[PDB]
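Before any comments, here is the structure.
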Amino acid sequence: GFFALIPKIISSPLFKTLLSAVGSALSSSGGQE
């Protein structure tokens with residue numbers, strides 16, 4: 001689930017706090033996708 005791994009990424013761990021930080025930088029380059 002490369003498209004649904006986002007919600008599962010935090011499902012296990014508890015880094016959701018930084019998720020909003022890493023998720024914005026990892027998705028800030030969608031133009032190259």
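Lettering and numbering for the structure tokens are positional, with chains as A, B, ... in the shown order, residues counted from 1 in each chain, and ligands counted from 1 in the shown order.
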
Backbone DSSP call of helix (DSSP H, G or I) for chain A, listed as number ranges by chain: A: 5-11, 16-26, 30-32

Excluding same-chain residues fewer than 5 positions from range 18-31 of chain A, what lies within 12 Å of it counting only C-alpha atoms, as a ChimeraX atom specification? /A:5-11,13
